[PDB]
S.K.: 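Here you go, one structure.
Proteins get letters first, then strands, A, B, ... in listed order; numbering begins at 1 in each.
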Amino acid sequence: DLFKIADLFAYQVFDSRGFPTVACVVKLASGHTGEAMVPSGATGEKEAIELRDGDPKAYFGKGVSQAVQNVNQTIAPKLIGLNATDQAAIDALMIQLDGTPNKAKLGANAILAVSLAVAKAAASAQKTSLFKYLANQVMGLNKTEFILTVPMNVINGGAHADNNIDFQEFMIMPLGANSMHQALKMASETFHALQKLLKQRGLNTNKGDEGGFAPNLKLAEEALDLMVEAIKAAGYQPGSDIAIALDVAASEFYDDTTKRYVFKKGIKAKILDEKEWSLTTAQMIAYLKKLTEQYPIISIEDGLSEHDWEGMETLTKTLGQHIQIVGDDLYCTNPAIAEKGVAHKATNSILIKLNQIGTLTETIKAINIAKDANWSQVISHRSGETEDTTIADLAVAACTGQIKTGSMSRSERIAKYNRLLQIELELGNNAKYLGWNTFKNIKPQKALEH
Amino acid sequence: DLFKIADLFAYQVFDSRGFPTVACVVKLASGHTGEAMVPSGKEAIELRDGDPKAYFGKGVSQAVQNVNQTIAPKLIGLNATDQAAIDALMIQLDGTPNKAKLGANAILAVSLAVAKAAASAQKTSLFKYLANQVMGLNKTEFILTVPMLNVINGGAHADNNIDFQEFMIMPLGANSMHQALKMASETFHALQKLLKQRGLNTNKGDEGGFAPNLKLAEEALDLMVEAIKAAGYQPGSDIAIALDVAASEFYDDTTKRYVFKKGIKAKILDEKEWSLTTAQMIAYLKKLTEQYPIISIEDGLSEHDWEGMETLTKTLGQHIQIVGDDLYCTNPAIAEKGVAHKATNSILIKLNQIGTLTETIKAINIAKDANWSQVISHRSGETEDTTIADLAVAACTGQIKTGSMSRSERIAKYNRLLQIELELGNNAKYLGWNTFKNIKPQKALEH
């Protein structure tokens with residue numbers, strides 16, 4: 001049998017931050033192999049459980065030897081002999097074998113490593129690109145033409161940034177391009193113009209975890225002004241060529257005592273008055289609205305707190321007809337929660353993080369829930385990434401038209417972009433970069449498109 | 001036929017800094033493929049377009065076209081296992097001494113992709129193919145690489161006032177690759193905590209290290225020793241230090257003095273006291289190796305100071321590794337002069353400085369014959385390509401310089417080394433302090 005699983009094993013490797021993570025290798029009886037690595041975030045509540053050893057004498061508590069052992073001694077014997085193309089059955093087996101909703105027994109990082117390595121081995125054995133295998137064998141979509149991904153992080157703020165800006169991610173989005181190579185040209189040139197801008201302002205140009213900058217800026221508007229200048233300096237038109245996406249990460253500064261959005265970093269640094277910048281839900285929506293009118297902002301991720309479902313619904317009603325409203329921590333790539341988001345019209349977009357849910361099959365379920373709702377699906381990296389490029393093939397296979405996988409530095413990000421270049425080249429006329437037409441969940445304002 | 005080249009193409013990709021570089025894909029008649037990408041830093045010429053409309057002039061579409069229009073048609077039908085012939089043909093196809101016509105980035109991409117395709121067609125690991133087919137070494141047991149990891153940056157492209165370029169930890173006390181990287185990982189995280197406590201920036205330089213606003217090289221070395229201890233390890237016996245001084249960057253050819261220009265311009269150093277003769281520079285490096293557990297010095301004197309390099313190698317080289325990097329530029333003809341003059345006891349091997357795999361192996365074997373070590377090295381602009389890990393294992397150099405413990409253009413090499421160690425089992429050995437055959441380390445340092 002060409003697809004029978006012959007060997008399966010896991011071992012500890014490192015992510016892009018130097019923390020341990022899980023690698024898994026699947027070997028088929030034909031000799032073909034698949035290999036996958038698991039990313040890691042900077043710990044959500046509804047996320048599937050990332051299993052860490054918590055030994056203070058080993059990797060400052062972040063070892064993954066227990067997850068690795070769960071693959072080698074618990075999962076692997078159950079999967080030997082199975083046809084590797086039976087993705088849904090193999091994921092179901094691991095789901096039942098863990099037996100908990102959040103994969104706390106085996107660890108989502110054990111399960112996902114196997115889930116992805118099995119698909120890669122099958123794709124190898126079918127002698128086909130991973131994106132074609134995922135599209136046409138796993139998802140059964142019978143596609144010959146594929147949609148390439150408009151990419152969206154060049155300036156950081158928030159909980160893990162060294163500066164006093166409360167929003168978490170400021171991203172550029174080259175929607176005016178008509179090919180993946182032109183989109184990455186736009187992104188590369190804008191990134192390097194931004195680096196020159198920051199350097200001559202006297203700001204630090206060392207790289208944050210996702211390859212962007214965390215300079216000592218005082219205000220979100222100062223970051224947004226600099227991105228507009230970088231776009232212009234690179235020779236492009238803000239909005240029509242390169243737009244802006246935000247990851248507000250509002251859960252991080254939502255004050256649960258007062259039910260207000262408190263811009264705590266700017267307040268504490270004496271940049272912001274504490275009363276003026278302690279915002280009601282209504283005032284926070286009005287502020288996000290204002291930014292979308294002052295700047296070419298096309299997408300807002302986690303603009304309100306995950307505890308503020310009523311506000312999220314109001315935001316999507318107010319702004320979502322023309323602005324992409326992305327739910328990330330709102331759903332945690334959980335199909336059951338995404339369905340509730342669809343019913344309530346909480347967002348018009350979902351951020352898809354493989355390791356937040358833990359199997360490829362469930363991730364595809366979440367993607368299809370969004371598709372049925374005419375939401376966009378933004379396939380996403382984590383702050384701790386690897387050289388693994390699975391999310392590039394996944395985003396192309398599901399024709400999401402959008403990916404969030406980092407800045408234009410650090411090859412745990414760049415490798416996804418290089419993989420997308422290769423996919424575009426391999427497909428030729430069968431690849432389409434839709435640009436502004438990539439959105440099916442919103443109607444972008446014509447003034448913004450051009 | 002199994003190894004016949006059927007198709008071959010290049011295309012433009014991005015390195016770890018966001019700048020264009022060359023990728024090449026080789027497909028064989030048997031359907032097997034190899035793919036490589038080229039890093040970017042007397043070197044062979046890296047060919048850039050110079051078009052201001054595109055990538056601030058740093059496009060590589062001419063190199064890409066040179067592969068597609070010039071090299072590819074000449075390699076169709078050739079045996080991909082004949083690395084020496086394919087490399088010789090590309091060298092003649094270029095026709096210049098420094099690959100200025102086709103570009104070293106065009107030629108190296110093909111050179112590497114051909115070898116990976118042949119290894120794929122042989123159903124063998126790349127390091128085994130390189131060792132037993134390309135280098136004909138008939139090896140079953142391999143030496144793993146002691147890494148030297150750049151954790152603090154200075155010099156030309158760091159935004160601080162330190163003149164020395166790279167400050168590196170080296171986990172020589174480990175007895176496995178995975179234990180070596182445990183030591184590296186834990187020390188790197190400890191250093192990060194220490195920098196934050198001191199109010200210093202912890203975002204990353206190009207090679208994944210830190211570039212904090214430090215005033216003296218001794219400050220960086222102090223922090224590294226503290227981080228080693230804070231991680232629970234012994235400076236020296238567990239984790240030693242390697243330097244890349246990059247002295248060529250601040251050697252003043254007019255006065256023949258090593259002028260610590262960054263520290264002088266920042267009013268940290270008095271210009272008279274820190275404009276050092278060759279003898280004072282050697283005396284300074286010697287003192288550093290006495291105050292700090294430094295086991296290796298790269299480019300401690302200028303490439304224009306061969307007499308100095310010979311004196312440094314005779315003064316410290318008995319027990320300190322002295323690495324020639326820009327002194328040789330991975331050039332076999334220049335390496336042979338280094339051997340005859342005993343300029344160093346080690347050579348830094350950069351594939352894209354010379355431009356083919358065959359010439360790189362020639363440089364390595366020249367060093368092997370002189371009882372030098374070979375340090376297989378990354379460039380500051382790397383890719384997710386992990387060729388240097390397999391090359392360093394194939395040649396049993398026992399040493400690699402491929403970055404800090406962050407950014408996966410560095411980490412990918414370490415992950416590949418972990419995979420190689422796991423694959424080989426008892427056929428892999430991490431030699432630790434015994435990895436050095438070119439020096440006899442001081443027992444005080446390694447005990």
S.K.: Between B:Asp15 and chain A, which part of the residue has a heavy atom less than 4.5 Å away: side chain, backbone, both or neither?
M.R.: backbone
S.K.: Using distance alone, with no hydrogens and no angle criterion, decide if B:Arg48 and B:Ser40 have a side-chain donor and acceptor under 3.5 Å apart.
M.R.: yes
S.K.: Report yes or no: is the cationic atom of B:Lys58 (NZ for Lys, CZ for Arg) closer than 6.0 Å to the six-membered ring centre of B:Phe19, at no more than 45° off its axis?
M.R.: yes
S.K.: By a 4.5 Å heavy-atom criterion (distance strictly below it), what part of A:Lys57 contacts chain B: side chain, backbone, both, or neither?
M.R.: backbone
S.K.: Are there residues of residues 21-40 of chain A that reach to under 4.5 Å of chain B by heavy atoms, and which ones?
M.R.: A:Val25, A:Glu35, A:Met37
S.K.: B:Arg416 pairs by side chain to side chain donor-acceptor pair (under 3.5 Å) with which of B:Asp390, B:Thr402, B:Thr386?
M.R.: B:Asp390
S.K.: Output the option from B:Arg407, B:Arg410, B:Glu409, B:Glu384 having the highest count of non-hydrogen pairs under 4.5 Å with chain A.
M.R.: B:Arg407
S.K.: Between A:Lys416 and chain B, with a heavy-atom cut-off of 4.5 Å, which part of the residue counts as in contact: side chain, backbone, both or neither?
M.R.: neither
S.K.: For the residue pair B:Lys204 and B:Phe210, would you count it as a cation-pi contact if the rule is NZ or CZ under 6.0 angstrom from the ring centre and within 45 degrees of the ring axis?
M.R.: no
S.K.: Ignoring hydrogens and angles, state whether a donor on the side chain of B:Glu423 or B:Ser125 is under 3.5 Å from an acceptor on the partner side chain.
M.R.: yes
S.K.: Side chain, backbone, both or neither: which part of A:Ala187 has a non-hydrogen atom closer than 4.5 Å to chain B?
M.R.: neither
S.K.: Go through the atoms of A:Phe14 and report whether side chain, backbone, both or neither lie under 4.5 Å from a heavy atom of chain B.
M.R.: both
S.K.: Could you have a look at B:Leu422, B:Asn201, B:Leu418 and say which one has the most heavy-atom pairs with chain A under 4.5 angstrom?
M.R.: B:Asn201
S.K.: Between A:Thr128 (side chain only) and A:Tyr133 (backbone N and O only), is there a donor and an acceptor less than 3.5 Å apart?
M.R.: no
S.K.: So, B:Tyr233 and B:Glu186: side-chain donor and acceptor under 3.5 Å apart, yes or no?
M.R.: yes
S.K.: Looking only at side-chain N and O atoms, does A:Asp53 offer a donor or acceptor that is under 3.5 Å from a partner on A:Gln66?
M.R.: no
S.K.: So, do B:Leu149 and B:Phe188 sit near enough that their side-chain heavy atoms are less than 4.5 Å apart?
M.R.: no
S.K.: Is A:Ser124 reaching over with its side chain to a backbone N or O of A:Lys120, donor-acceptor style, under 3.5 angstrom?
M.R.: no
S.K.: Checking heavy atoms, do the side chain of B:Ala54, its backbone, both or neither come under 4.5 Å from chain A?
M.R.: both
S.K.: Just so I understand: if I count every heavy-atom pair under 4.5 Å between each of B:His189, B:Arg17, B:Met405, B:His178 and chain A, which residue has the most?
M.R.: B:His189
S.K.: Does A:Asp388 offer a backbone N or O that forms a donor-acceptor pair with the side chain of A:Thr386 under 3.5 Å?
M.R.: yes
S.K.: Do you know which of A:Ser407, A:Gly384, A:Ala193, A:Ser16 has the most heavy-atom pairs under 4.5 Å to chain B?
M.R.: A:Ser16
